[PDB]
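J.:
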Amino acid sequence: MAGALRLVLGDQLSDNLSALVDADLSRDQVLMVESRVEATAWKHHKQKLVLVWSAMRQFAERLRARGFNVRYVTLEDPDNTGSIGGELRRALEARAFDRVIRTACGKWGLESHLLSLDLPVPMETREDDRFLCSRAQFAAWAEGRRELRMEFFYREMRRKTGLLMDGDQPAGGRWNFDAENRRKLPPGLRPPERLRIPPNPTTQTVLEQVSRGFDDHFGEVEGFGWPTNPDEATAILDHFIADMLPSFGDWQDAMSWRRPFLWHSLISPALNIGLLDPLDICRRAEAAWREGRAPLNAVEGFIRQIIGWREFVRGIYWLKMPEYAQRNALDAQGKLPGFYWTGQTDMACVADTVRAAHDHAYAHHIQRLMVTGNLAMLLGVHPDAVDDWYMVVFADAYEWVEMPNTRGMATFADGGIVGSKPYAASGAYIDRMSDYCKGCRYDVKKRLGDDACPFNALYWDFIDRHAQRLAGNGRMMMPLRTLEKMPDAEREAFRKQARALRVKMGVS
Ligand SMILES: Cc1cc2nc3c(=O)[nH]c(=O)nc-3n(C[C@H](O)[C@H](O)[C@H](O)COP(=O)(O)OP(=O)(O)OC[C@H]3O[C@@H](n4cnc5c(N)ncnc54)[C@H](O)[C@@H]3O)c2cc1C
Ligand SMILES: Cc1nc2c(=O)[nH]c(=O)nc-2n(C[C@H](O)[C@H](O)[C@H](O)CO)c1C
Ligand code: SF4
């Protein structure tokens, strides 16, 4: 009866974590490690380092107030070995323990390493039931399905969770109210001001430490406004539910120059480390519709992102890894252009996305998908280099969610497991969906020449390069038909242009 050592990782900062259930406060110890292995696995955005480390330090103080004995190993500790496994060994030598208890993490490499660790005591690994769909439940649903479509999974999750269900029927008589013909913001509509969280004393200390010790990481730390504890995260969620949720379904795909937040919730960095709960978030949104404070299409569109896409991408990650991390369906071998890190590009849309990534460690979905993600696909950047960028620059970036959205939906490197079809688009899409192109130095109505918008020739070269494969796909009928009606001289023209753009941008 010596007690159990309970490991808590940087994205596991929840009281209801399975590793903390049924703890014996008089015998057990909680281990939390500020790990430089994890801090340099990718060179995370400086704001992500501030977010995680400030939140772990406050989460540890919260556990101590509840009677937990917490062994907190800071990054200034001269005896910190730097790794989770090394610090688990050091904690087991410090005193007697009967076993180690932990919760399955969200990175396959770390999870595989921990499962293979040879410790002096047994190590029990519990499932992370903070998610709404267990790993086993997704595998059971995916069994026998020749393709995994989010819509059928989303319907199952609506029945399991009972969210937006009247009896056995979905609210409103249909599952999905996704209204097509989405458009850019009207010229007079100014996006509202958003709530930011001024750093608390703990966050200020971590901020100064990150400014001084990790200066060679991407991004600015100044202006850090992310929530770092449940109260600050609830304040962000309260602000979204009351002030932005009613407009969620209107501008979900719009882009406005230097308005990086629009009406999005901005909860992913706090949700992904456990500061908010997925079921509680969705129930609050449903209650807004049930009590007449938000329309159904807005609330359903919001809940679909969380119980649908978020659970879907996690399901595919753990279902297909580790082979998923190595898939390269389009044989993309190019380098990532330097303006992804510096933002020094004449493409206004790309420059604004990198600017938001640098200044706020955030960019909303359609920019990650249709701007920087689409461009990396069209350019043929190696999927390893695209994964590294999305892991580094966004404060919500963890491999279980970053990779299926990046290697899958954004760049089709998984052959269509996640997205079922590549989301390629020319500058015409960005033009219809944003206010970028009129202020851009390029001309979105041109495909050849120095003034031509690079997305235009790169898009048609992409469809031309993968024409035979995309014909078997099926969902690319209209672009292939237009390409087939194009004379040979026009085909060779945008080909030459696309090769030149790949050289100009340092890709290949
Ligand atoms: C290339 C690419 C990379 C991405 N990388 C990440 C990542 O590292 N981490 C991450 O959390 N999300 C990632 N996403 C999903 C999505 O871009 C973000 O969840 C969202 O932009 C975060 O902003 P928000 O909280 O305001 O989202 P909202 O627009 O307010 O959406 C509400 C919530 O829905 C969830 N959600 C929405 N779309 C997705 C999605 N596609 N996958 C999973 N959850 C989703 C998030 O929890 C989000 O907080 C990525 C998407 C793409 C296309
Ligand atoms: C920056 C960072 N730092 C730490 C840390 O110091 N200690 C820790 O235990 N975890 C950290 N993490 C999170 C992990 O690297 C990893 O992404 C998640 O735990 C996956 O579940 C991250 C992302
Ligand atoms: S013209 Fe092309 S590069 Fe410029 S903002 Fe529009 S889509 Fe982006």
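Just so we're aligned: 118 in the deposited numbering is position 118 of the sequence shown, and the numbers increase by one with no gaps anywhere.
Every residue, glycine too, gets a C-beta built ideally from N, C-alpha and C.
Shortest alpha-carbon distance to residue 281 belongs to which of 245, 292, 490?
T.: Position 281 of the sequence shown, counted from the start, is the residue given in the question as residue 281. It is 245.
J.: Could you please give me the residues that DSSP links to residue 166 through a beta bridge?
T.: Residue mapping note: residue 166 aligns to position 166 of the sequence shown, counting from 1. Bridge partners of residue 166: 169.
J.: The beta strand (DSSP E) with residue 123 in it runs from where to where?
T.: By one-based count along the sequence shown, residue 123 stands at place 123. Run containing residue 123: 123 to 126, per the beta strand (DSSP E) assignment.
J.: Which residues in the same chain have their Cβ closer than 8 Å to the Cβ of residue 452, if we skip the five residues on either side of it in sequence?
T.: As a first step, residue 452 must be located in the sequence shown, where it is residue number 452. 442, 443, 446, 497, listed in sequence order.
J.: Out of curiosity, what's the CA-to-CA distance linking residue 258 and residue 187?
T.: In the sequence shown, counting from the first residue as 1, residue 258 sits at position 258. In the sequence shown, counting from the first residue as 1, residue 187 sits at position 187. Going by the C-alpha atoms only, they are around 14 Å apart.
J.: Could you please give me the residues that DSSP links to residue 262 through a beta bridge?
T.: By one-based count along the sequence shown, residue 262 stands at place 262. DSSP output for residue 262 lists no bridge partner at all.
J.: Any heavy atom of ligand 3 within a distance shorter than 7 Å of the CB on residue 347?
T.: Residue mapping note: residue 347 aligns to position 347 of the sequence shown, counting from 1. Yes - ligand 3 has a heavy atom lying nearer than 7 Å to the Cβ of residue 347.
J.: Thinking just about the alpha-carbon of each residue, which of 51, 21, 113 is nearest to the one in residue 68?
T.: Residue 68 sits at position 68 when you count from the first residue of the sequence shown. Minimum Cα distance to residue 68 is reached at 21.
J.: When the Cα of residue 240 is compared with those of 486, 205, 196, which residue comes out closest?
T.: Taking the first residue of the sequence shown as position 1, residue 240 is located at position 240. Nearest C-alpha to residue 240: 196.
J.: Roughly how many angstroms separate the alpha carbons of residue 56 and residue 299, rounded to a whole number?
T.: Along the sequence shown, read from residue 1 onward, the residue named residue 56 stands at position 56. Along the sequence shown, read from residue 1 onward, the residue named residue 299 stands at position 299. Residue 56 and residue 299: Cα-Cα distance of roughly 31 Å.
J.: What do you get for residue 46, buried or exposed, if any count of 16 or more other CB atoms within 10 angstroms of its CB means buried?
T.: Working through the sequence shown from its first residue, we reach residue 46 at position 46. Result: buried.
J.: Measure the Cβ-Cβ separation of residue 413 and residue 287 and say whether it is below 8 Å.
T.: As a position in the sequence shown, residue 413 is number 413, starting the count at 1. As a position in the sequence shown, residue 287 is number 287, starting the count at 1. Not closer than 8 Å, so no.
J.: What do you get for residue 421, buried or exposed, if any count of 16 or more other CB atoms within 10 angstroms of its CB means buried?
T.: Against the sequence shown, residue 421 aligns to sequence position 421. Under this definition residue 421 is an exposed residue.
J.: Sorted by chain position, which residues of the same chain lie with C-beta nearer than 7 Å to residue 70's C-beta, five sequence neighbours on each side aside?
T.: As a working mapping, residue 70 is identified with position 70 in the sequence shown. Excluding residues within five positions, the ones whose Cβ falls inside 7 Å are 30, 32, 60, 63, 64.
J.: Given residue 129, which residues of its chain have a CB within under 6 Å of its CB, disregarding the five upstream and five downstream residues?
T.: Counting from one through the sequence shown, the residue named residue 129 turns up at place 129. Correct list, in chain order: 18.
J.: From the DSSP secondary-structure annotation, give me the bridge partner or partners of residue 7.
T.: By one-based count along the sequence shown, residue 7 stands at place 7. Answer is 31.
J.: Compute every distance between the C-beta of residue 106 and the non-hydrogen atoms of ligand 2, then say whether any falls below 7 Å.
T.: Taking the sequence shown and counting its residues from 1, the one referred to as residue 106 is at position 106. Answer for residue 106: yes, Cβ within range of ligand 2.
J.: If you draw a straight line from the alpha carbon of residue 293 to that of residue 172, how long is it in whole angstroms?
T.: Walking along the sequence shown from the start, residue 293 turns up at place 293. Walking along the sequence shown from the start, residue 172 turns up at place 172. Taking the straight line from one Cα to the other gives about 16 Å.
J.: Identify the continuous beta strand (DSSP E) that holds residue 64 and give its terminal residues.
T.: The count along the sequence shown starts at 1 and reaches residue 64 at position 64. Taken as a continuous stretch (DSSP letters only), residue 64 belongs to no beta strand (DSSP E), being part of the alpha helix (DSSP H) at 46 to 65.
J.: Taking the CB atoms as reference points, tell me whether residue 403 and residue 184 lie closer together than 8 Å.
T.: Walking along the sequence shown from the start, residue 403 turns up at place 403. Walking along the sequence shown from the start, residue 184 turns up at place 184. Against a cut-off of 8 Å, the Cβ pair of residue 184 and residue 403 comes out as no contact.
J.: Report buried or exposed for residue 272, applying the criterion of at least 16 other Cβ atoms within 10 angstroms of its Cβ.
T.: Your numbering for residue 272 matches position 272 in the sequence shown. The residue in question, residue 272, is buried, as its Cβ has 16 or more Cβ neighbours within 10 Å.
J.: Alpha carbon to alpha carbon, what distance is there between residue 489 and residue 314?
T.: Against the sequence shown, residue 314 aligns to sequence position 314. Against the sequence shown, residue 489 aligns to sequence position 489. For residue 314 and residue 489, the distance between alpha carbons rounds to 45 Å.
J.: So the beta strand (DSSP E) residue 72 belongs to, where does it begin and stop?
T.: Along the sequence shown, one-based indexing puts residue 72 at 72. Element bounds for residue 72: 70 to 73.
J.: So what's residue 228 in DSSP terms, helix, strand or just coil?
T.: Start at 1 with the first residue of the sequence shown, and residue 228 comes out as number 228. Looking at residue 228 - three-state DSSP - the assignment turns out to be coil, as it is neither helix nor strand.
J.: Give me, in chain order, the residues of the same chain whose beta-carbon lies closer than 7 Å to that of residue 457; leave out the 5 immediate sequence neighbours on both sides.
T.: Indexing the sequence shown from 1 puts residue 457 at position 457. Closer than 7 Å at Cβ, skipping near neighbours: 447, 448, 494, 497, 498, 501.
J.: Just to check, is the beta-carbon of residue 268 closer than 7 Å to a non-hydrogen atom of ligand 1?
T.: Along the sequence shown, read from residue 1 onward, the residue named residue 268 stands at position 268. Result yes, Cβ under 7 Å from ligand 1.
J.: Express the C-alpha separation of residue 221 and residue 375 in angstroms, rounding to a whole number.
T.: Numbered from its first residue, the sequence shown carries residue 375 at position 375. Numbered from its first residue, the sequence shown carries residue 221 at position 221. In a straight line, the C-alpha of residue 375 is about 27 Å away from that of residue 221.
J.: For residue 19, which residues does DSSP report across the bridge?
T.: Reading the sequence shown from its first residue, position 19 is the one you call residue 19. DSSP, once it has assigned bridges, lists no residue as partnering residue 19.
J.: From the DSSP output, in three-state form, read off residue 372 for me.
T.: By 1-based counting over the sequence shown, the position of residue 372 is 372. Here residue 372 sits in helix by DSSP.
J.: By the DSSP assignment, the alpha helix (DSSP H) with residue 101 in it spans what residues?
T.: To locate residue 101, count along the sequence shown from 1; it is residue 101. Counting along the chain, residue 101 falls outside any alpha helix (DSSP H), though it belongs to the beta strand (DSSP E) covering 99 to 103.
J.: Who are the near neighbours of residue 405 in its chain, counting only those whose CB is closer than 7 Å to its CB and skipping five residues on each side?
T.: On the sequence shown, position 405 is the one that residue 405 refers to. Closer than 7 Å at the Cβ level, and outside the excluded window around residue 405, lie 313.
J.: Would you kindly work out how many angstroms separate the C-alpha atoms of residue 255 and residue 492, rounded to a whole number?
T.: The sequence position of residue 255 within the sequence shown is 255, counting from 1. The sequence position of residue 492 within the sequence shown is 492, counting from 1. C-alpha separation (whole angstroms): 33 Å.
J.: Applying the 10 Å Cβ sphere with the 16-neighbour rule, what's the burial state of residue 116?
T.: Residue numbering aside, residue 116 sits at position 116 when the sequence shown is read from its first letter. By the 10 Å Cβ count, residue 116 comes out exposed.
J.: Within 10 angstroms of the Cβ of residue 6, are there 16 or more other Cβ atoms? Answer buried if so, exposed if not.
T.: Taking the sequence shown and counting its residues from 1, the one referred to as residue 6 is at position 6. Buried, since its Cβ has 16 or more Cβ neighbours within 10 Å.
J.: Express the C-alpha separation of residue 35 and residue 74 in angstroms, rounding to a whole number.
T.: By 1-based counting over the sequence shown, the position of residue 74 is 74. By 1-based counting over the sequence shown, the position of residue 35 is 35. Looking at the two C-alpha atoms, the distance is approximately 8 Å.
J.: With DSSP collapsed to three states, give me the class of residue 474.
T.: Position 474 of the sequence shown holds residue 474. It is coil, neither helix nor strand.
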